[PDB]
Amino acid sequence: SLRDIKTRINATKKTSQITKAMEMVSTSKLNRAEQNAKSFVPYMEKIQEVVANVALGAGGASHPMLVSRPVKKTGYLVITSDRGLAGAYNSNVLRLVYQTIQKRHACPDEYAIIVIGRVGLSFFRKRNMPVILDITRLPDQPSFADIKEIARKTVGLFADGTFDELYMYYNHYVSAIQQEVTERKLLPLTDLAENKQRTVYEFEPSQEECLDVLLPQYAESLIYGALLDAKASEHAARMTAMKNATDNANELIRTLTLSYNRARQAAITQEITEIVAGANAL
Amino acid sequence: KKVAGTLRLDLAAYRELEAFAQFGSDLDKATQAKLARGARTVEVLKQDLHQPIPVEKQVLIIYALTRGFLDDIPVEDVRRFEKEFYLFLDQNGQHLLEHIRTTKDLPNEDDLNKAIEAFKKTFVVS
Amino acid sequence: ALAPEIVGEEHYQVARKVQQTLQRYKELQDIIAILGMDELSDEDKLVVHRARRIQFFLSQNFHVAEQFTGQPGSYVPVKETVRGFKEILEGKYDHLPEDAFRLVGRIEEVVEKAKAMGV
Amino acid sequence: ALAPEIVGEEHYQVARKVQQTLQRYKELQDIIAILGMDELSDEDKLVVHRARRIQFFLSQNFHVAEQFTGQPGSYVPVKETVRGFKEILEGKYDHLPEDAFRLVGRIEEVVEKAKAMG
């Protein structure tokens, strides 16, 4: 009936307005987060190339950050949203890590999960797999000091020897339209190669202690880089998901308006037919 | 007049907030609170068939609702909170009802809160 | 005739609770058309889940149908009906495939169909 | 009256391949809009390249447009229409840019326009 379709049109128009507004604000956070990441990208390029060339000289490959340890337990960092409507951003990465761990070994003792994000923590809790560490509701502009606490804890776990290998499962920003699930080993560190050019540390201190300062600092900076791309790609994923959802809302409103117009015009033409039938009958 | 006037404001404010914001899963804290108060409000206003409730025990349930004594209790259990409370209110609190019967007046707030807090000692949550 | 006096409390609670789940499913059908199934959670996920199965299990093979279709018909007692819909609402049989619940008499027949489909 | 016999099974088969190409383009640009061009493989990529050639070559140059824009006009018999589109459907002529096809009579007129343009 006519007054049935109008309520559906009105409610959909309100949801369409909510989705458009959230598209605007996600666009603003996407552009800022990409600029912020590009601000820390020269820091990553500079640090990576100095830490590698310094790390080669008299730093033994048996060093705890570089040498393998026979694998008993592995840590899984998983980076996830704190809020919904993000399309399939969380589901594609939770599902990828869930299948990866279960189909490599579902044994409860070997895996150890570390999750950044409420919907990730919610899925893992229903599954019951343990979460050694957690943090949530990070500011949309994340700063190094915030995630230094968790970064220093997780690397503290690897450095003290409680983990033998470490992984990260972040979505990655390739385009505004489309983004990819990705996986990287965090430690042990094996980008080592010949220097070509050599810059020397101080001669008096044993370089292995200096490595214990500088290489954990790099591993942390690698976590932070991954988090920056994760938050930027989240704001991209929400922007595209909210944009597509607005398109679906608009199409539906069109179809409903066509049916509402047809129903009203049918009612008015019936009314006019009654007026004619009265006018000749009298 | 005192309790029903504020109840109209509460339910109008949540009618609009729920009409749009319920579809999204998570909202602002202050809105999750107002959504909780509206859901409890509609559940506490459900009633049975051919069982009129005297005005004396209506004002005491609406007062318990608006002043926010029902936050601890779950939404499903409320139709039992009412059931077990009206029995308690005929086992204890007869003077409150007597003042309301002829005066048309809300009893002293110290004694009304003492009554509701004692019942909340007796009632067992699922 | 629906009235706790006329049908009894066990039968009444079930008539209303089933109507309550199907009415919520109509509300969810619109929002899933915009956002998708992936966006619903908790009480909205399980309503679509149980409202599909209930909507199919209200379908039955009539004894007069054997001329339109090759099938044998059934007669179902009221007790098996009220237990059946209670069991679907509890969710004891949630694992069975939604195909199985179509044109069937009792929950035992649904288990037999689902066994032949590899449960 | 597009009956397969009446047009001729060669005219019929060419016409159906043109219509199939434009219908696939109609859906395929929605897939490009929601996912992307770089989300599509090579053959689909060739279909969008061909569909752009088909849509522009379907445009024509005529006498009424002498008042509106001053271009002289063209005339085409049906055997020339089918011949030219058959050669475009094979796709060897795809080296000419999409800009060249904008308003033309015969594929040979496209040849004259393209080389001169640069």
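Reading the values: the criteria
Residues numbered from 1 in each chain as written, not as in the entry; some residues may be left out. Chains lettered and ligands numbered in written order. Part of a larger assembly, values for the part shown. Heavy atoms only, no water. Helix = DSSP H or I, 4+ residues; strand = E, 2+ residues; numbered from the N terminus. Buried < 20%, exposed > 50% of the residue type's maximum accessible area, 1.4 Å probe, protein only. Contact = heavy atoms within 4.5 Å. Patch = residues over 30% accessible without salt bridge, like charges linked within 9 Å, V, L, I, M, F, W, Y side chains within 5 Å. Areas by Shrake-Rupley, 256 points an atom, 1.4 Å probe, with all protein chains shown as cover. Salt bridge = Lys/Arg side-chain N within 4 Å of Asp/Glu carboxyl O.

The PDB entry lists chain C under the name ATP synthase subunit beta, with Bacillus sp. as the source organism. The PDB lists this entry under the title "PS3 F1-ATPase Binding/TS Dwell".

Going by what the PDB entry lists, chain B is known as ATP synthase subunit alpha and is assigned to Bacillus sp..

1. Focus: the overall build of chain C
The helix and strand inventory of chain C stands at five helices and zero strands. Order of helices (α) and strands (β) in chain C, N terminus to C terminus: α-α-α-α-α. Principal axes of the C-alpha set define a box for chain C whose edges measure 45 × 45 × 25 Å. A burial count over chain C gives 33% of its 119 residues as buried. Counting contacts in chain C only where the partners sit at least 6 residues apart, residues at least 24 apart contribute 56% of the total.

2. Structural notes on a nonpolar patch on the surface
A cluster of nonpolar side chains, contributed by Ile268(A), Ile272(A), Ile275(A) and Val276(A), occupies part of the molecular surface with about 360 Å² of accessible area. Summarising the element assignment, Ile268(A) is placed in helix α5 (residues 207–281).

3. Re the pattern of salt bridges
Summed over all chains, the structure comprises 35 salt bridges over all chains. With its nearest N and O atoms 2.7 Å apart, the salt bridge here joins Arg53(D) to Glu98(D). On the criterion of sequence distance, the pair formed by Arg53(D) in helix α3 (residues 42–57) and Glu98(D) in the loop between α5 (78–90) and α6 (107–117) is long-range, its members being 45 residues apart. Each of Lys29(A), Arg83(A), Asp140(A), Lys231(A), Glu234(A) and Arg238(A) takes part in a single network of salt bridges with overlapping partners.

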